[PDB]
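Trainee: I have a structure I would like to understand better, so I am pasting it below and will then ask my questions one at a time.
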RNA sequence: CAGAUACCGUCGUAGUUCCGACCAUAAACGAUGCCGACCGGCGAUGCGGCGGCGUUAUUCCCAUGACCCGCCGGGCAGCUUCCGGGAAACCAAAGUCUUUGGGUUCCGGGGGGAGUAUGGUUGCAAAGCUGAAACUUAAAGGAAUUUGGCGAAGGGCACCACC
RNA sequence: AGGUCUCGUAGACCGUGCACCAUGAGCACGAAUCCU
């Protein structure tokens, strides 16, 4: 039977999209189908930032950040605990999980 | 039907004839192969000489054998 | 409903409308509310026509006074805006009140202790009180609702266009509904002001209750 | 058996019977 | 206050079965099962076998 | 064995203020006490069991079987009904189906085939009822034709008082419940159809809840 | 764990509702009260009911409870729902109003009232949150 | 494209009848539509309608009443004789007490009863009951 | 409804909806019958007259019943024509 | 690893790239032919046009760009719905269907044998199109509910489990 | 002139796949209404 209103992707009037490669894997997944995650992180964690700041030449120095985009295949994303299955009536929820912390 | 014009009768007759040939009981009932492969030759009864007797077995639901002859 | 000359909206009622904030409504507009809107303005506020509100209020008052058993009108409010207002309305006109937590099964389940079988139904909001609206469908029972510019109209019969969000406007509608029903019934004279105070129907937060208790005696 | 490999084995049987037919002329 | 009747045996067939008729109130556990319910077990000798009676 | 009405309609019927269920059907009021109809229609209300169909639910310790009962109710000169009830036992399911069938009966109307002489005998027009995949059509017939149907809609039409009908069914008619509910919905549609026999402007008479409210406020709180 | 069951809670709730004046914060005093005003077959049930009565008394002393319908914790709700002020908060000597509302009242039944003053309309026509 | 204007008109009329509207806007008119609506007026199924005269093709606004069950059009125009009308009566009408068949005779567009009265037959147009 | 002799054979005549002219069924519990009170022409008090309207369940569940009651009150003269 | 001419790792030939000439095959899927008409609401989006308070390309005016509030037409789509339909999943079309007829093209009659034999035809080849019969079988399937078991996920428990 | 600006401090989102893991003999199953 048909499971979703769409087909697990974001293609409506195209028919073909360019494929991308997974990051945890090497599967050729289409670009609008793959679960994308733009993650931003600092170079240091919250424990080592004091150790970096106490051993710095420049006082009041801003620590740089690391920018990377991740492309995941479906099995790779569900096996890395990025997205999981949910209820039939809860599958139509479009909003992301809340950004409380 | 699909053709609903006032002058659409040849197309309806040809389509009905094609879909009638594209069937099962009309297909066995109108070729000569299904009656030629019939050993009775389009007959209700037939005669013949018995050669031997064979005990043919039943299917998987039930356990018995069936007494039979070859004609 | 307002066709006579004695049934006209007087001088003080327009002042109560302008002081209670009745004439202005919400941001969205329901397509059943195209005729009860004067126009739109800046910052996305629709203007409710006060004369059509008066006509619908007189129509609802006529429908209430038309039956002769005052206990057969059931009035439900489950939001905190109209808790005490429907209680004062039921004390004034003799109706039967429900104030919060309308149990699903009063009008339909016949073996319950709260099995109610009235003839006319008044509710203060069509959207938040969706439970009495669908329950009123299983019996031959009309419904009068205090409807906003964005409240959906389903299973309603007399829609009074008002601002059902502020407590002042809601208390003003319940007070004038009781006033008009008592005027049609003959208990209240039509020319002498029976006006006690309109604030007996008004809901307030409890912080204002200790504020008034501290500021008063 | 899935239909893909049964079609592949069927095509191999087509090739064998075609070779035998064309070499038995 | 309430009762249940259990009849077990070869009830209309070769394989035995049991029918239970529970309605009312019936406690099962603790000290008050001793002096609130009354339990009797009897055996019926019919032409096909033995039928038991459990009444409480 | 006594009547204690929990509704004001049942109390009003018990107090001999409502002459018949004609005005109850006219004002479209729901009937929730099944013995109001048993008071109005007494010994002239026959019934018989259509089919007892067992249903089972799979659990950890085998199957829990349950019996569902179908019964037809109605007088042979008018109203007819149908009720479905499932329980653990057969007799409990049958009596619950009898109560649920007598609780919900509908009036049928009868017409003529051509000339309007004598009493009406057949279905006045072509009505259709559908539930599931089953379609049931009721076609008027001349006098003395009889019911040309399957046995279950034939017995439903005889218990509804219709003497003549032509029928034509489509779908999986092997399921008795869907077939019976389909012909019940077909025969219940005889009053929802608008005919030119009634186009005059109706007058809305007063409801019993308005007419007898002074009696009701004294007989009950 | 020590969680009271529904029988203890219902018995303590109807004890608080029905006999309220002859109670207190002492466990032994309302223990003897619950001994005499009711019939409890055992003693552990009596002690648990008396303890929940003491806890409910300590809870009533701070405020109302939505399971209990005693006399003393209401009627100040009744006085609070029936106190009537002096100033109406609707009979104002001046009332601000919108220009289109002024034009609407112009068309309705009036030409001019000596109560209203008109405010300027907003120069910015932004009212919706940025959602996209 | 638009090939049967009368079928479209009765389809719009039936759709707005099932919806519950009181006025129906038919965009293309014809003389056949005028005669059909005149027959439906004279047998009392529709109300008082209009012809919106512009210079290309007029529009028709029909005042509706709740007396109409269905309006249908038989396509194409089958020729029917007087002995073949009863076949259409049994397989097209819901009953014999009411229901009418509009057919195009040489004496004008009329119903089946007037066609039997004037002793003539013609081509099929539609039905209403 | 009648026969050749002249008597009526239908056991009851059902109501029709005043807003859509559809027959209200026997089991249609969503249908209503609202009574509207008529007022005295001088004093402005209820005298004992009623104005009755029947709306079927389809119009009521469609959400277009309040304007139907308003139109019926306008055509009866309850709600004033200028509105 | 029992076996591993498989998963895994290191190399690696045709191929992957371009030109010139071939085949016409995909879950080529919206698994849903094309044209035309009608039947609810709402918020956005891409294009073109129209109207209107205000801000900006620094302070005045006009037009153009950029914002804001709306209307119109075409298009990819979304939310809700006792319109209506359906076996249901679901669909504003898969609706206007026993109250059955707007016009028109292709195509299917239980499951296998079988896209198989043969004949014709196209191609250098691989293969593409057309396409049976004998025989055999009482089921093969579609939607949905309950249990059950997942080297499925999320919460808790047990010294007949562990540390 | 005062010399610790004001109100509480989720301030854990360290991370990635995860060795080998096959098979199961069938006989043992019956579908229901009402009182004298």
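Since chain A takes its numbers from Swiss-Prot, the residues it shows come out as 2-102.
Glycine is no exception: its Cβ is also placed from the backbone N, Cα and C atoms.
Per Swiss-Prot, the feature Zn(2+) binding site maps to A:23, A:26, A:74, A:77. Summarising the annotation, Swiss-Prot assigns compositional bias 'Basic and acidic residues' to A:87-97. Among the features that Swiss-Prot reports, phosphoserine is placed at A:54, with the record citing similarity to another entry.
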Trainee: Distance check, please: Cα of residue A:26 (Zn(2+) binding site) against Cα of residue A:54 (phosphoserine), rounded to an integer number of angstrom.
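Mentor: Each residue's Cα considered, residue A:26 (Zn(2+) binding site) and residue A:54 (phosphoserine) end up 37 Å apart.
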Trainee: Relative to the mean position of the Cβ atoms of A:23, A:26, A:74, A:77, the recorded Zn(2+) site, which additional same-chain residues have Cβ within 8 Å?
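Mentor: Here the nearby residues are A:24, A:25, A:27, A:28, A:30, A:35, A:72, A:73, A:75, A:76, A:78.
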Trainee: So if I draw a 10 Å sphere around the Cβ of residue A:26 (Zn(2+) binding site), how many other Cβ atoms end up inside it?
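Mentor: Within a 10 Å radius of the Cβ of residue A:26 (Zn(2+) binding site) lie 17 other Cβ atoms.
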Trainee: As a test of the contact definition, list every same-chain residue at least 6 positions from residue A:74 (Zn(2+) binding site) whose Cβ is closer than 8 Å to its Cβ.
Mentor: A:23, A:25, A:26, A:28, A:30, A:35
Trainee: On the three-state reduction of DSSP, what should I expect for residue A:74 (Zn(2+) binding site)?
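Mentor: The residue in question, residue A:74 (Zn(2+) binding site), is coil (DSSP, three-state).
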Trainee: How long is the line from the C-alpha of residue A:54 (phosphoserine) to the C-alpha of residue A:77 (Zn(2+) binding site), rounded to the nearest angstrom?
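Mentor: That comes out at 37 Å between the alpha carbons.
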Trainee: Do any residues at least six apart in sequence from residue A:77 (Zn(2+) binding site), in the same chain, have a Cβ closer than 8 Å to its Cβ, and if so which, in order?
Mentor: A:23, A:24, A:25, A:26, A:28
Trainee: Measure from the Cβ of residue A:54 (phosphoserine) and count the other Cβ atoms within 10 Å, all protein chains considered.
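Mentor: Residue A:54 (phosphoserine) is surrounded by 14 other Cβ atoms within 10 Å.
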Trainee: Reduce the DSSP letter at the residue listed as 'phosphoserine' to three states and note it down.
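Mentor: It is helical.
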Trainee: Using Cβ atoms only, which of the recorded positions A:23, A:26, A:54, A:74 are under 8 Å from chain D?
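Mentor: Listed in sequence order, the recorded positions near chain D come to none.
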Trainee: Just to be sure I understand the packing, how many Cβ atoms besides its own are within 10 Å of the Cβ of residue A:23 (Zn(2+) binding site)?
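Mentor: The Cβ of residue A:23 (Zn(2+) binding site) has 19 Cβ neighbours within 10 Å.
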Trainee: Three-state secondary structure of residue A:23 (Zn(2+) binding site) from DSSP?
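Mentor: In three-state terms, residue A:23 (Zn(2+) binding site) counts as coil.
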